[PDB]
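Each chain is listed here by its residues.
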Amino acid sequence: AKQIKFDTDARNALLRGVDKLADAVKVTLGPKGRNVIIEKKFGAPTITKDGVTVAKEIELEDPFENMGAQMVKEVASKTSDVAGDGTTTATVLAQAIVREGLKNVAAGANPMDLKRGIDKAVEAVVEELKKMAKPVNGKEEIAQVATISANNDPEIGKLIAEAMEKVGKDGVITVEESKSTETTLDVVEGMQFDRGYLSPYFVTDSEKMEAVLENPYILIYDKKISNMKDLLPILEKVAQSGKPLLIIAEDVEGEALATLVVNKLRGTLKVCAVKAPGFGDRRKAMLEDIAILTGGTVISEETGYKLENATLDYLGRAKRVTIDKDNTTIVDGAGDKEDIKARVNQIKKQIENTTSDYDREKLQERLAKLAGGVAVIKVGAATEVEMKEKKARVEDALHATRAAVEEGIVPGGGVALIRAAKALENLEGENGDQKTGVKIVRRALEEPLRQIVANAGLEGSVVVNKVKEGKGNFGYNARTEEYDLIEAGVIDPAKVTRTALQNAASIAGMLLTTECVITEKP
Amino acid sequence: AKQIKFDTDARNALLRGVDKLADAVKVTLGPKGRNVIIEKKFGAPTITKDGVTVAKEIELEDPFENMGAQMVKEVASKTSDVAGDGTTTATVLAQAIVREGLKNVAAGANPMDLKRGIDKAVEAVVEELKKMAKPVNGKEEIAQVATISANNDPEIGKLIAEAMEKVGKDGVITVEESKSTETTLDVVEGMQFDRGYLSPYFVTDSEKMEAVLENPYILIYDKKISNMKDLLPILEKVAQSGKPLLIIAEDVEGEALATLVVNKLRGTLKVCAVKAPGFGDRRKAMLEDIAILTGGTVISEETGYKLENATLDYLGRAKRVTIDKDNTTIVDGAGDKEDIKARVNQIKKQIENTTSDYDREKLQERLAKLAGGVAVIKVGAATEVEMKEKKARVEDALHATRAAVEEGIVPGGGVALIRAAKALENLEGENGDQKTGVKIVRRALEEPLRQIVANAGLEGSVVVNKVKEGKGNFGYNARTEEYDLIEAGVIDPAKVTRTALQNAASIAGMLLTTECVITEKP
Amino acid sequence: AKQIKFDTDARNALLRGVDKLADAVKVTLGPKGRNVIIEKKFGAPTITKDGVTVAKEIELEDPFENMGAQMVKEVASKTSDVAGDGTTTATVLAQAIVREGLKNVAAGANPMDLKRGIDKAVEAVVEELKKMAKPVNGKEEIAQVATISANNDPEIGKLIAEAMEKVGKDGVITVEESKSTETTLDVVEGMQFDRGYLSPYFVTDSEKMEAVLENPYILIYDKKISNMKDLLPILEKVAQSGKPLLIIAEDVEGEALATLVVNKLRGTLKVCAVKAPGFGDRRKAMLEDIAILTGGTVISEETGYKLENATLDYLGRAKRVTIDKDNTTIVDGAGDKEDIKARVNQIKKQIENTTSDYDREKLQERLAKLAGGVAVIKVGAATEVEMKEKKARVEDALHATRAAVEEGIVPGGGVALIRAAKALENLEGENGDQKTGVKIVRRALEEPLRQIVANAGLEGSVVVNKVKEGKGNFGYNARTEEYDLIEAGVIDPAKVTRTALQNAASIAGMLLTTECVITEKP
Amino acid sequence: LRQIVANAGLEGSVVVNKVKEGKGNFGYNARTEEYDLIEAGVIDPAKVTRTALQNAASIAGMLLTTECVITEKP
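Residues numbered from 1 in each chain as written, not as in the entry; some residues may be left out. Chains lettered and ligands numbered in written order. Part of a larger assembly, values for the part shown. Heavy atoms only, no water.

Going by what the PDB entry lists, chain D is known as Ancestral Fibrobacteres-Chlorobi-Bacteroidetes Group Chaperonin (AFCB) and is assigned to synthetic construct. Per the PDB header, the entry is named "Ancestral Fibrobacteres-Chlorobi-Bacteroidetes Group Chaperonin (AFCB) Double-Ring in Open Conformation".

Per the PDB entry, chain A carries the name Ancestral Fibrobacteres-Chlorobi-Bacteroidetes Group Chaperonin (AFCB) and comes from synthetic construct.

Structure follows, in structure tokens:
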């Protein structure tokens, strides 16, 4: 059986679910935010002042409210930032826009024209957000934005600024737990390709949704993997080696996947599988390049090596690898460097050889991918737990600084969306309903400030009004209850605010244009 | 343990079920439709904008309503097109006609006369629709209709136009996931006959309800297969070979099918089985034809070969074999080309020799279905996921172009059904109740147009009146809201509209003349 | 505090009330109808096969149904005939038309078009009945029709035939309760004008709703009477005389009416009041004519006569004055015959003198009513109850024959309405709903005969078809179960059928086009 | 206009759109269902419709701007 709700009843149930998730999450917004307690099975109370954590333990009894909750949760979480105020800002914006849109279109508006107006004004406000952002490019200012990112600790800001200078803007920087007491920085060779694991049952660091293998074995394979019968000796010699093996194959599926899941869950064998990087003839190209990186050899039928022919000598070796959901990192592939610079030489020989722009672009990407290198930081401090907290801080600073160099910075604390609303002053849609949608999103842009100061328990209207009278970077610093942000340095990357607003507009559009809902009866 | 309802109670239960299904499907219609949110048992909620997926997720609690919903879903699913607006329009028309039919028979009308009137007016509307559809005949206009089908992309338009002129009007196209970055076209030998798999548990790609093999083995058999004891070594040598297996036999049933299902579901073996193509002497001849196409040999008691005696040498080989419910395709059978052209020459020799027209026609269709070959559209693009949706787009374009060349094209958006109402102006039945049925099906032809514009949020009355005031292909472009459809390039094949209206009439008549419904006690 | 109900719910309540009334009443229709027991507060319960008595005792609990029943009662009661089969036929036709009309309005029909179609169709049926009616202009066939209306005893038939033959068509006949055993007929001087009593508290014979004054005194007043103080001497001398008084004046209202009502209800003074005949100058002239007719004198200020000084000599003298709701008869005004014939001579002197045709027509009307006289039939028999029963029989015969010569005669038993359905075969309105209304009333014309035969316990479809295949006056006679009505002597006047059908169509028109009913909460 | 044309059982939107397209005294004659009103002779004084519109605006404003209704218990 399946329950079905149509039109206003369905939309109201979805609004109820989204409102419940909002009031669950919106309270933990800002510096002076509230705290939410969690009941966990066979454990103590745990409180959380971060909106990402409180979101994930939301699941409602009523199926309709539940789908609304999971809808806003998923579309809101597509933003890049995970440190904070990325999944909460989007959620409060989504609640605001959805509430006003549904509760106006109940008063006789056209939902589709409302969605059109919402999208138009979101385009206008993201354009203004791009215009407003101050770019960051240079050592002193990336150090400054890192320090603002790292809770005002100059040394981590200096370290990360230096690192992103060494490797390059588009380059890759990774952090890892160290054994020493000092903090230092090296840049090694390595690869990172945007193909993650094949199933989620390899995550070792469940706290961070990543799987890590130490001193692994890398099999460079080109063909498919379907059958259990053919990969026995590799697994046996890996178990006899007592080290992990990471599987890079064309397509692992079926009984092979079932068997490796079984032995991974049982813990007998530390194994992980990822999709093969590249595409086609260039899949073969980057596969043989990463083979010569890691020091192994390719296993492919064009050179007459069956899968079971692979041995210790043919396998590829490195030190550390991380398998996140999207990408995968290879750092310091244990291979002789002379052939690596020979690879780079033949790469530039290809540069001067080729003629077509598509070839030039893709192989310049390859050059940056191999010769660019991997920045590694040996974060270290006095005690273990403080070192864990320090590496967490380094990771958050890395993400924030990467976003800042990507698309500038904006005055944070909810005032960026205030100053971005100036572009909505003299914009009129094709009809009255689109102007209504423009007004709705204009009213919704200021809700982060309203709630960031409502969490502080002050009157919101006075502060938002006298923030609106200002211009430039004038705004409310919620931490100190002052009225400057230019250099006060409570800032957010423009990218996180832009994508939070875009996601909120998207989910509001998909939610205002729904008049049918389908759920199971328990 | 059964509940039986009679007469108006049963018909009202059917009306309630069909109304729920249609309202669930009516929402997603036209280019300005609205969303529907459906959860899966595990994971994210899913948003949809086509009626097909929403149709597949309807199943109600009251058994009578569920029964009516399944009824209309099944008969509405019989339209050949699967892209969209074929099953949605069928459900819309069926709900409209059924509603008005019950809502008129409450006034004392005779349901038999209503059914006869609906059928007669539907036949007249089909005749007018056929007279209205413009023919498509020429590579240029085939390219145009392909481009309109493919969201205004000329490269696919020229691709399918070239393929269609190369293979022929009744020829066969097959789309495959290339490994290369360029989309090329080839003409290769192959086969196709209208019979599929013997069990619904045998689908590999459940996304499109179709099973597929890659580089299989083809055995040719003449008799039945019933038991396990007679087909051990063929399966053993296949499993040692490590390739999939296609099976052609007279009929497979019983323990053989049971063991095949076990070995497939367990994943030990890749196998397939479809029925024999032809009949009598024609079965023997066409079996020999597929055998000499694929390079194998026939197995039969007439020539003294036992199924166990078959070996690798006798087996047939191919590269891509596709099995769906109705048909199946063989491409590039590994055979010697000289023997195939010799077969063609012997076929035409018999064509000159034969005299009877029936055997003549059988020979011409055999010659066409053998010598024509299989076109191979190798769909290549840059990345993987964009290539995959590209493959989906060209599959949809292939189906749409095939329908358009089959039975012409007409204005889309429901305008074709509007313009066909001119034929029913002077069509009167034998009695008054048939005239009421004619009026009933007249009033339903504008319901599709009324709902494409009702999802747009505008009053359907003005647009339908003002398009009735027009003539020819004057129509409502729901995308851009101007009033030209002649060259504007929003259309539908006349075949899909014809089939949708006919299926709607069939279910309308079958529900109108229903007065007893039997279901079980939960 | 008043309840309000709109839309189809109010019409459903009205239909329920009409259904209750019709089911109470329609069982009595026909020659062999059924019985309707009714509750009597004091004494035995009453049984009646006569529908008008059954109709008068209908009043339901839920006010909307009472409201609907009362509307049908009020419309149907306006039929000229009171003997029977006039109100019941109208009720049955209204039931059929209203039920079919609601079922078709719920089918999706415009009530405006349905009402207009019913009006057009009933006009067509009225024209057909006009065409089909056999005229009665002649002494012999009025004798036959009188015999039919009197249950086949020729004596009363020839009596009323001669009474007509003397009195004239527009001339007026009354029934007098005779004292002698023999039945005698007299043509005497009398008067008639259509002005009834001023209040219903004047009725003496409530069985027929008419007030009778035996040998009364009549005064002829020209001015207005309002209050008590002027009329003391007149009622003083009248009470001293011990005979009734007939009040003819311009208008009586207020304290004067209160006084005469008071002394009437107590029985102290037996009196009756009716307005003067004509208008203005015509009132004065015709008041003076009735004054000469009754032997009295006018009481006008023009001749300097007050009312207080009026004496018995100025009063008029007659024998009987039947005061009903609308008419009032004078018989044998005690006036010297020479004077009235001289006044007739003066009327003819005025007829030749005047030139205008309008005044000529009114003077001819004056001559006809004055010189025409009033025929009186003295009905006599042996016993008491037999003589009153014969009085009732002749009263019914008088009404029946009057209507019959008014508009002819047609076949009875609903056959006239059946054969009148031939006209509606080729009548089509401007649009479909009008044709639906035409069909609705065509089915409704079948209902009188269908109920007539259903009360006989037979099957309606067989007889209604077998009557329809016939032509002319071929029809079903339920008294003897034969199939001829030409000379079988079961007919009804065309006037009663026409009036019943028109009244039924009118009530249907008012009821189908109602969308709010406002009632009183108990 | 929607209610006068809906009391006749006709769909209001088409009539109101196609009379709004007209200019001047072009109008819908409900008695005859024709589309001219200049000399056809269905006229209302400007005073009656003016005062009707004034009173409608007044009652609407006075009912919108009302927060509490004070009524006796039966």
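Alright, that's what it looks like, and here's the rest.
Asker: Would you take a moment to explain the pattern of salt bridges for this structure?
Answerer: It is possible for side chains of opposite charge to pair when their charged atoms get near one another. All names here are of chain C. The full count for this structure, using the stated rule, is 83 salt bridges over all chains. The residue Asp19 makes a salt bridge to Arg99 at a minimum N-O spacing of 3.1 Å. Here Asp19, found in helix α1 (residues 7-25), pairs with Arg99, found in helix α4 (residues 87-107); they are 80 residues apart in sequence, far enough to count as distant. Classification of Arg99 by relative accessible area gives partly exposed; the value is 23%. One salt bridge connects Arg282 with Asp359, and the closest N-O pair in it is separated by 3.1 Å. Taken as a pair, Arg282 in helix α10 (residues 281-294) and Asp359 in helix α12 (residues 357-372) lie far apart in primary sequence, 77 residues in all. Exposure remark for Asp359: the relative accessible area of 31% places this residue in the partly exposed category. (Salt bridge = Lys/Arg side-chain N within 4 Å of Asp/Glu carboxyl O. Helix = DSSP H or I, 4+ residues; strand = E, 2+ residues; numbered from the N terminus. Buried < 20%, exposed > 50% of the residue type's maximum accessible area, 1.4 Å probe, protein only.)

Asker: How should a negative patch on the surface be read in this particular structure?
Answerer: Residue and element names in this part refer to chain C. Together, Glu481, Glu482, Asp484 and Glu487 line one region of the surface with negative charge. For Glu481, the position within the fold is in the loop between α17 (460-469) and β15 (491-493). Accessibility expressed as a relative area gives 48% for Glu481, which makes it partly exposed. (Patch = residues over 30% accessible without salt bridge, like charges linked within 9 Å, V, L, I, M, F, W, Y side chains within 5 Å. Areas by Shrake-Rupley, 256 points an atom, 1.4 Å probe, with all protein chains shown as cover. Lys, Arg positive; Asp, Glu negative; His and termini not counted. Charge placed at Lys NZ, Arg CZ, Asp CG, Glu CD.)

Asker: Please clarify how the interface of chain D and chain B should be interpreted in this entry.
Answerer: A common way to report how large an interface is uses the accessible area buried once the components associate. Across the contact, four residues belong to chain D and five residues belong to chain B. Regarding the contact of chain D and chain B, the summed buried area is about 390 Å², with carbon and sulfur atoms giving 50% of it. Looking only at chain D, the three residues that lose the most surface to chain B are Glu11, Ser13 and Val14 of chain D, adding up to 78% of its buried area. Here chain D is connected to chain B by one salt bridge. Among the salt bridges present, the one from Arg450 of chain B reaches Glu11 of chain D, with a minimum N-O distance of 3.9 Å. The tally of links from chain D across to chain B stands at two residue pairs in polar contact. Residue classes in the side of chain D that touches chain B are distributed as one nonpolar, two polar and one charged. (Contact = heavy atoms within 4.5 Å. Buried area = accessible area lost by both parts, 1.4 Å probe. Polar contact = N/O pair within 3.5 Å; in protein donor to acceptor, adjacent residues only side chain to side chain. Nonpolar A, V, L, I, M, F, W, Y, C, P; charged D, E, K, R; others polar.)

Asker: Looking at this model, I keep getting lost on the packing of aromatic side chains. Mind explaining?
Answerer: The geometry of an aromatic ring pair comes down to the distance between the two centres and the angle between the two planes. Applying the stated criterion to the full structure yields 10 aromatic pairs over all chains. An angle of 85 degrees between the planes, with centres 5.9 Å apart, marks the rings of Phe474 of chain B and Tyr483 of chain B as edge-to-face. A residue is classified by how much of its surface remains accessible, and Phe474 of chain B, at 32% relative accessible area, is partly exposed. Ring pairs connect the aromatic residues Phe474, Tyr476 and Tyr483 of chain A, which therefore count as one cluster. Taking the ring centre of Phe64 of chain B as reference, the NZ or CZ of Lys5 of chain B above it sits at 5.9 Å. In this structure, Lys18 of chain D is placed above the aromatic ring of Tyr35 of chain D, and the distance from its NZ or CZ to the ring centre is 3.3 Å. (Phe/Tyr/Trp six-rings, centres within 6.5 Å; stacked < 30°, edge-to-face > 60°. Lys NZ or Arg CZ within 6 Å of the ring centre and 35° of its normal.)

Asker: Hey, could you run me through the packing of helix α5 (residues 111-132) of chain B against helix α18 (residues 494-512) of chain B in this one?
Answerer: The relative placement of two packed helices comes down to the angle between their axes together with the axis-to-axis distance. All names here are of chain B. The interhelical angle for the contact between α5 and α18, taken along N-to-C directions, is 175 degrees, at an axis separation of 9 Å. Relative to α18, the element α5 lies roughly antiparallel. When α5 is examined against α18, the residues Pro111, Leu114, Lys115, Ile118, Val122, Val125, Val126 and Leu129 are found in contact with a partner set consisting of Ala494, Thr497, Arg498, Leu501, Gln502, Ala505, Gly509 and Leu512. Looking at the contact of α5 with α18 residue by residue, the class counts come to 11 nonpolar, three polar and two charged. (Axes fitted to C-alpha atoms, helices over the stretch in contact; angles between N-to-C directions. Parallel < 35°, antiparallel > 145°, perpendicular 65-115°, else oblique.)

Asker: How should the sheet that holds strand β4 (residues 173-177) of chain B be read in this particular structure?
Answerer: Backbone-to-backbone hydrogen bonds pair the strands of a sheet. The strands run either parallel or antiparallel. All names here are of chain B. Reading across from one edge, β4-β17-β5 is the order of the three strands in this open sheet, with mixed pairing throughout. Looking at which strands have only one partner, the edges of the open sheet turn out to be β4 and β5 (184-188). Ignoring strand direction, the axes of neighbouring strands in this sheet form an average angle of 25 degrees. Taken together, the five bridges between β5 and strand β17 (residues 374-379) define a ladder with antiparallel strand orientation. Paired with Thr184 across the strands is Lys378, a residue of β17. Packing of helix α7 (residues 154-167) onto the sheet brings it into contact with β4, β5 and β17, and relative to β5 it is tilted by some 15 degrees. Where helix α13 (residues 385-407) meets the sheet, its contacts fall on β4 and β17, and the angle it forms with β4 comes to roughly 175 degrees. (Pairing = 2+ DSSP bridges.)

Asker: How should the arrangement of the chains be read in this particular structure?
Answerer: Inter-chain contacts occur across four pairs of chains; the most extensive set of contacts lies between chains A and B. Of all C-alpha pairs spanning chain A and chain C, none lies closer than 24 Å, and the two are not in contact. The two units chain A and chain D never meet; even their closest C-alpha atoms stay 15 Å apart.

Asker: Is there a simple way to explain the pairing of strand β13 (residues 374-379) of chain C in this structure?
Answerer: The two faces of a sheet get side chains in turn, since along a regular strand they alternate between them. All names here are of chain C. By the criterion of burial, β13 is predominantly enclosed, with five of the six residues buried. Of the strand pairs in this sheet, strand β2 (residues 172-177) and β13 are connected by six bridges, and their pairing is parallel. Within β13, the position partnered with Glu177 by the bridge is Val379.

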